[PDB]
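Q: Here you go, one structure.
There are 6 protein chains.
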Amino acid sequence: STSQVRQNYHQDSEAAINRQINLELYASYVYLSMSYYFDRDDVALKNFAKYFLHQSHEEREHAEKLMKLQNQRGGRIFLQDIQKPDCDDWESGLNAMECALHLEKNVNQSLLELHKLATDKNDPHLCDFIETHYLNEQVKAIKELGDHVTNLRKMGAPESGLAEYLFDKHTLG
Amino acid sequence: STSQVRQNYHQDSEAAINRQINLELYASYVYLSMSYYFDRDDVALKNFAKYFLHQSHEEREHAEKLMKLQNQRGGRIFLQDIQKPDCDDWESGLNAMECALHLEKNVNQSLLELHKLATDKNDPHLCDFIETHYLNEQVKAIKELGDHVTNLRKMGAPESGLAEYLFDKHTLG
Amino acid sequence: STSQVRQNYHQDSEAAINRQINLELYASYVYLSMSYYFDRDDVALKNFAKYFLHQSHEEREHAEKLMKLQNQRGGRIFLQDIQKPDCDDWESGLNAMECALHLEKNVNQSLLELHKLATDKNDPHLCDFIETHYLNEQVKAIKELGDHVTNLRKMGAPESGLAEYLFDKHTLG
Amino acid sequence: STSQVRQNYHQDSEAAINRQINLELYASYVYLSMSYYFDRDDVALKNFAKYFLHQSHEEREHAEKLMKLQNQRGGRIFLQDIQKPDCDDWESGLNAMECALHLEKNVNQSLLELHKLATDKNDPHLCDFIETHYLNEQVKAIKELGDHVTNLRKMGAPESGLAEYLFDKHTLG
Amino acid sequence: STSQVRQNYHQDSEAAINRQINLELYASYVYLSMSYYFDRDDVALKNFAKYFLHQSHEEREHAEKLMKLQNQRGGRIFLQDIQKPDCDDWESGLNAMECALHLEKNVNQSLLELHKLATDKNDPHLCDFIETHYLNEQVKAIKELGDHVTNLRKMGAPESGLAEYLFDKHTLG
Amino acid sequence: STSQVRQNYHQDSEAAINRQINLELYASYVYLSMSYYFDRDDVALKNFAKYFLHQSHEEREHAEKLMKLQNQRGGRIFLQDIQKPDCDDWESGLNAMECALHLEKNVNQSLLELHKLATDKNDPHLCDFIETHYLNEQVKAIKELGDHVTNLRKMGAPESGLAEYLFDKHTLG
Ligand SMILES: [Mg+2]
Ligand SMILES: [Mg+2]
Ligand SMILES: [Mg+2]
Ligand code: NA
Ligand code: NA
Ligand code: NA
Ligand code: NA
Ligand code: NA
Ligand code: NA
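Chains as they are written, first to last, in UniProt numbering: chain Z, 5 to 177; chain G, 5 to 177; chain E, 5 to 177; chain Y, 5 to 177; chain F, 5 to 177; chain U, 5 to 177.
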């Protein structure tokens, strides 16, 4: 049953990786929802739509990298349902950015728990994988989203449709 | 409530489009599963993995095109859970190709029902969308998968691991 | 009297095509009016003017393509007066965009009736002509105009002359 | 009510410019009719069709230049119906060329009356606009059409279908 | 017996496709005959010969595309004899063009019946195949041949050997 | 009745050339059948299909060259029906190659009879035409097909579907 390649790879780490794969696919799907919300004719913020679609594809890439890791270490991928996002209507550019920030912080929390598990199981390869490919990406994503939220709020979003319009043009465009 | 852009777009068509979006995302996820099955160290068919990953990304593109359609017509996207694939272990290149063929024919059947609905609702734009972007794609995909299955079977898959090896190299590589 | 090329081309289809030619020329003339309204010294929205002039020329192209169709099928073009547009003064960028949206939806409705007639007369060539060259063009145009209207309204048009100014610059420029 | 830019621009000149705009659009529409007459399967003179389509587009350009003038001077464009051309069937290349010559001379006569009005109102800018952009264009167009008519008649048009064929090929092609 | 790829493909459609393949090969052979008629030393119209040879090859391409369709849908090609053309001696450029026009209209009629059958069997893929690849091609070909016939007749074909000579040079060359 | 160009061209040679034209068109049609047999989803040997399609087009070229010869010598082409091939289902790559070899040898036998006739009628131009353009082409084609048959048989065709697969890839691809 044990993979010929498997070495120093705990069952708990394998399970946590599978959970992280599901979470990344969930995040991708959330961003997809947000993108096409901004593509609606009654919202019509093209650069918001582009930004979130880019994020969706990036999240899928993260999931695929975790799957590659799983196979590299001799674990076995077990996929689960990808839950639909919490919202269909994201209300505003600002609200979407705040929800994205919340999502990214939740993903980061999951990654930090995964790193703690890897450290507890004395799996330095997994710890290094998480540090190298995920933790700084999360810190940067959170910083960027926080900057966006700050700018939108200062500009007067979401009540100032001019605010969101000009943010869409000048920051995201 | 009605979109300012909506014209000649039946509620049943909007609902059927949402169902098709979900089906396309499901197909993408199935192909993702197959790809990373072939990336396993105990299967190790790199070109199978590449082929199915390509299909996964293509299916995501199809879903995104349907979402774009939905917004173009003034319908509203409602996402649902993406169910996990039926298998975690796809057993063989031949078995994966047969399951892919079955999947593509099911997607094609859903598209045909969508076309019939569009026709019944006298929605020529939707009909020609389906025709132009999907139906021929499906016919081609089904033909390609059938060709693959025929070749694998004739070569002696799945019992001939040499068969699958050489198919991976010469057809998919 | 019958053209040597004519085949499967109903008199009702020929008449409907002539009506569509007139409607397209009318739309071209409406857009011409809007363009030069925005070129007025007391309006001075250069990119609105450019946008509507482009639309005017596009509508002329659509009319010419219908005339080419008419001759291809062996029907005979009968031109009628091109009525002057409903307005001389279009009041605002937002009002012009709303009137354009209304115009495009009326043209689309006429095209849909044309398609239904073609279908009823079992004229698949005409049906596919309409589908290929017109229906998607209309859907796209309606979506774009709806997006413009949404943005203008959210920005505060037509009372915010700053709104229209910045829309002219950043979207249409 | 008076435009901030308006200076030395008589109401009669503004009205005459509006009349000239309508006449130019009428001429464009006449040429459009002639072009697609020659595109008929039972006439089939491609280079006649091309020549008259070019003239149609040129006439629209002339109308647009007059509209630009109108706005530059602070007059207000008032569009009227564009009357359908006098003929649907132009009978022959020679007959179309003769009608075109007649049309161009009528347009030239209207321009001359416009110039006389400008002169009487001591509007040197308008006079020089007409002189610079229109009068020489008309003289050239009339000379070209007269040359065409002379050649066709000498060749034996309209009774010599060979005549029209070879003229189409060698002069207009 | 049923192809693994076959889906929504009626036996009547398969049979009609086989009939269309035969008709296209017949048309190719007719054009071949016409081409080499014009290559005769006592006819010597090189550009007629070239035109009809081009048409012959185009018709073969159409047949091959129908065969590809047949295999794509999982039908089975059944070839039949290709009947010899009705004439060995085509008498004149004009007569050949008229026979070509008649042939193209017959092929178009067969395609229209095929489309009607596809529609009746609710085969939107087949319908759109026919619409996309064939119907417009036929309309264009019929229009071109009608234009040629009109020109030849007006020039004085077939009694004016000068007529046919100059048509060969200037239109077909 | 006699062509102005005809010189030293026997009626028997003209008739034999017409027979050879028909035989070449027959061979082209046989190869077309074989090609699309290999394009079937249940055979799926793309390079076999390509090889035989190439042969089909080559055979058509041979027929056209014979027609050109016929006109060059002042004979008159008389076309006959092109009989359908003996098979619809060619069973295997090996069987198709063997049938192709048989076909090529039959064509060669016909060409040798034609050369004997030309020699008997003291027609050195025709003898040279046959020698230069046909006899070596036939010898090469027969040698190539024999080589293919030898390789397939040695590899284990037609029972080894791996054999045919790898031949398709490495020789014909
Ligand atoms: Mg269609
Ligand atoms: Mg000449
Ligand atoms: Mg090998
Ligand atoms: Na991520
Ligand atoms: Na798909
Ligand atoms: Na239009
Ligand atoms: Na003019
Ligand atoms: Na054809
Ligand atoms: Na040959």
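Every residue, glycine too, gets a C-beta built ideally from N, C-alpha and C.
Does at least one heavy atom of ligand 5 sit under 8 Å from the Cβ of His58 (chain G)?
A: Residue 58 (chain G) sits at position 54 when you count from the first residue of the second sequence. Result no, Cβ not under 8 Å from ligand 5.
Q: Could you tell me whether any non-hydrogen atom of ligand 4 is closer than 8 Å to the CB of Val111 (chain G)?
A: Mapped onto the second sequence, residue 111 (chain G) falls at position 107. Every heavy atom of ligand 4 is 8 Å or more from the Cβ of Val111 (chain G), so no.
Q: Can you give the Cα-Cα distance for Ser164 (chain U) and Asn155 (chain G), rounded to whole angstroms?
A: If you number the sixth sequence from 1, residue 164 (chain U) lands on position 160. If you number the second sequence from 1, residue 155 (chain G) lands on position 151. Distance between the alpha carbons of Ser164 (chain U) and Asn155 (chain G) is about 12 Å.
Q: Which value, in whole angstroms, describes the spacing of the CA atoms of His66 (chain U) and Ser60 (chain U)?
A: Looking up residue 66 (chain U) in the sixth sequence gives position 62. Looking up residue 60 (chain U) in the sixth sequence gives position 56. The alpha-carbon atoms of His66 (chain U) and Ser60 (chain U) are separated by roughly 10 Å.
Q: What whole-angstrom Cβ distance do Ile25 (chain G) and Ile81 (chain G) have, given they're in contact under 8 Å?
A: Within the second sequence, the letter at position 21 stands for residue 25 (chain G). Within the second sequence, the letter at position 77 stands for residue 81 (chain G). The C-beta separation of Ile25 (chain G) from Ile81 (chain G) comes to about 7 Å, placing the pair in contact by the 8 Å criterion.
Q: Which residue from G:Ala161, G:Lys144, G:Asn126, G:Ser5 puts its Cα closest to that of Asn112 (chain G)?
A: The sequence position of residue 112 (chain G) within the second sequence is 108, counting from 1. Answer by Cα proximity: G:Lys144.
Q: For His14 (chain F), decide whether its Cβ has a neighbour in chain G, counting only Cβ atoms nearer than 9 Å.
A: The residue labelled residue 14 (chain F) in the question sits at position 10 within the fifth sequence. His14 (chain F) does not count as touching chain G.
Q: Name the DSSP bridge partner or partners of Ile86 (chain Y)?
A: To locate residue 86 (chain Y), count along the fourth sequence from 1; it is residue 82. DSSP output for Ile86 (chain Y) lists E:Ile86 as bridge partner(s).
Q: How is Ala145 (chain E) classed by DSSP in three states: helix, strand or coil?
A: Taking the third sequence and counting its residues from 1, the one referred to as residue 145 (chain E) is at position 141. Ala145 (chain E) falls in the helix class under three-state DSSP.
Q: Straight-line CA distance for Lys54 (chain F) to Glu168 (chain F)?
A: Along the fifth sequence, one-based indexing puts residue 54 (chain F) at 50. Along the fifth sequence, one-based indexing puts residue 168 (chain F) at 164. Rounded to whole angstroms, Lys54 (chain F) to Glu168 (chain F) spans 14 Å at the Cα level.
Q: Along the alpha helix (DSSP H) that carries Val34 (chain E), what are the first and last residues, could you check?
A: Within the third sequence, numbered from 1, the residue matching residue 34 (chain E) stands at position 30. Run containing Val34 (chain E): 15–42, per the alpha helix (DSSP H) assignment.
Q: Would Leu29 (chain G) pass as a contact of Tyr33 (chain Z) if the rule is Cβ separation under 9 Å?
A: Within the second sequence, the letter at position 25 stands for residue 29 (chain G). Within the first sequence, the letter at position 29 stands for residue 33 (chain Z). Their beta carbons are under 9 Å apart, which means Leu29 (chain G) touches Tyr33 (chain Z) by this criterion.
Q: Is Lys158 (chain U) near ligand 3, judged by its Cβ being under 8 Å from some heavy atom?
A: As a first step, residue 158 (chain U) is located in the sixth sequence; it is residue number 154 there, counting from the start. False, no ligand heavy atom lies under 8 Å from that Cβ.
Q: Checking 9 Å against the spacing of the C-beta atoms, do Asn12 (chain F) and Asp127 (chain F) come in under that value?
A: Here residue 12 (chain F) refers to the residue found at position 8 of the fifth sequence. Here residue 127 (chain F) refers to the residue found at position 123 of the fifth sequence. It is a contact, given that the beta carbons lie within the stated cut-off.
Q: Can a CB atom of chain Z be found closer than 9 Å to the CB of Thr136 (chain E)?
A: Counting from 1 along the third sequence, the entry for residue 136 (chain E) is found at position 132. Chain Z, which has no Cβ nearer than 9 Å to the Cβ of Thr136 (chain E), makes this no.
Q: Taking Cβ-Cβ distances below 7 Å as the criterion, which residues of the UniProt domain "Ferritin-like diiron" (11–160) of chain E are in contact with chain Z?
A: Look at the UniProt domain "Ferritin-like diiron" (11–160) of chain E: the residues with a C-beta under 7 Å from a C-beta of chain Z are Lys147, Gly150, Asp151, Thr154, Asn155, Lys158, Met159, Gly160.
Q: Using C-beta distances below 8 Å, list every residue in its chain close to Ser96 (chain F), excluding the 5 sequence neighbours before and after it, in chain order.
A: Looking up residue 96 (chain F) in the fifth sequence gives position 92. Cβ neighbours of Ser96 (chain F) beyond the five flanking positions: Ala161, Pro162, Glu168.
Q: Report the rounded CA-to-CA distance for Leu115 (chain F) versus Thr6 (chain E), giving the unit in angstroms.
A: Here residue 115 (chain F) refers to the residue found at position 111 of the fifth sequence. Here residue 6 (chain E) refers to the residue found at position 2 of the third sequence. If you take the alpha carbons of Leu115 (chain F) and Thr6 (chain E), they lie about 21 Å apart.
Q: Would you verify that the beta carbon of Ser5 (chain E) is, or is not, closer than 9 Å to some beta carbon of chain F?
A: Walking along the third sequence from the start, residue 5 (chain E) turns up at place 1. Chain F contact via Cβ: absent.
Q: Sorted by chain position, which residues of the same chain lie with C-beta nearer than 7 Å to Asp45 (chain F)'s C-beta, five sequence neighbours on each side aside?
A: The residue you call residue 45 (chain F) lines up with position 41 of the fifth sequence. Taken in chain order, the list of residues that qualify is empty.
Q: Under the criterion of a Cβ to heavy atom distance below 8 Å, does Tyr138 (chain E) qualify as lining ligand 6?
A: Taking the third sequence and counting its residues from 1, the one referred to as residue 138 (chain E) is at position 134. Answer for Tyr138 (chain E): yes, Cβ within range of ligand 6.
Q: What residues of chain C sit near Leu166 (chain Y), judged by a beta carbon separation below 9 Å?
A: Judged by its chain identifiers, the structure shown contains no chain C, and its protein chains are Z, G, E, Y, F and U.
Q: Ligand 4 and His14 (chain G): does the residue's C-beta get closer than 8 Å to at least one heavy atom of that ligand?
A: As a working mapping, residue 14 (chain G) is identified with position 10 in the second sequence. Result no, Cβ not under 8 Å from ligand 4.
Q: My understanding is that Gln142 (chain G) touches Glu102 (chain G), with C-beta atoms under 8 Å, so please give their C-beta distance in whole angstroms.
A: Position 138 of the second sequence, counted from the start, is the residue given in the question as residue 142 (chain G). Position 98 of the second sequence, counted from the start, is the residue given in the question as residue 102 (chain G). Under the criterion of beta carbons closer than 8 Å, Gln142 (chain G) and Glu102 (chain G) do not qualify as touching, at roughly 17 Å.
Q: Hey, is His119 (chain Z) close to ligand 4, as in C-beta under 8 Å from one of its heavy atoms?
A: Position 115 of the first sequence, counting from 1, holds the residue named residue 119 (chain Z). Checking every heavy atom of ligand 4 against the Cβ of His119 (chain Z), none is found closer than 8 Å.
Q: Give me the residue from U:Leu105, U:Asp132, U:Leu98, U:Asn22 with the minimum Cα distance to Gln74 (chain U).
A: By 1-based counting over the sixth sequence, the position of residue 74 (chain U) is 70. When only C-alpha atoms are compared, the closest one is U:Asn22.
Q: Does the distance between the C-beta of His174 (chain Y) and the nearest non-hydrogen atom of ligand 2 fall short of 8 Å?
A: Taking the first residue of the fourth sequence as position 1, residue 174 (chain Y) is located at position 170. Indeed, a heavy atom of ligand 2 lies less than 8 Å from the Cβ.
Q: Taking the alpha helix (DSSP H) that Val111 (chain Z) belongs to, which residues open and close that run?
A: Within the first sequence, residue 111 (chain Z) is the residue found at index 107, counting from 1. Note, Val111 (chain Z): alpha helix (DSSP H), 97–124.
Q: Go ahead and pull the three-state DSSP assignment for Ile134 (chain F).
A: If you number the fifth sequence from 1, residue 134 (chain F) lands on position 130. In this structure, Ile134 (chain F) counts as helix in the three-state DSSP scheme.
Q: Looking only at C-alpha atoms, which of U:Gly79, U:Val9, U:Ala20, U:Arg10 sits nearest to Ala122 (chain U)?
A: Sequence index remark: in the sixth sequence, residue 122 (chain U) carries index 118 (1-based). Among U:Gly79, U:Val9, U:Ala20, U:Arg10, the Cα nearest to that of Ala122 (chain U) belongs to U:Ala20.
Q: Please state the DSSP three-state secondary structure of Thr154 (chain G).
A: Here residue 154 (chain G) refers to the residue found at position 150 when the second sequence is read from its first residue. Looking at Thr154 (chain G) - three-state DSSP - the assignment turns out to be helix.
Q: Under 7 Å Cβ to Cβ from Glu63 (chain F), same chain only, skipping five residues before and after it: list those, please.
A: As a first step, residue 63 (chain F) must be located in the fifth sequence, where it is residue number 59. Only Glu28, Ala31, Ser32, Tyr35 meet the Cβ criterion.
Q: In whole angstroms, what is the alpha-carbon distance linking residue 2 (chain F) and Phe56 (chain F)?
A: Not covered by the structure: residue 2 (chain F). The range shown for chain F is 5 to 177.
Q: Buried or exposed, going by whether 16 or more other CB atoms sit within 10 Å of the CB of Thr175 (chain G)?
A: Here residue 175 (chain G) refers to the residue found at position 171 when the second sequence is read from its first residue. Burial call: buried.
Q: For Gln59 (chain E), does the three-state DSSP call read helix, strand or coil?
A: Counting from one through the third sequence, the residue named residue 59 (chain E) turns up at place 55. The three-state secondary structure of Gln59 (chain E), taken from DSSP, is helix.
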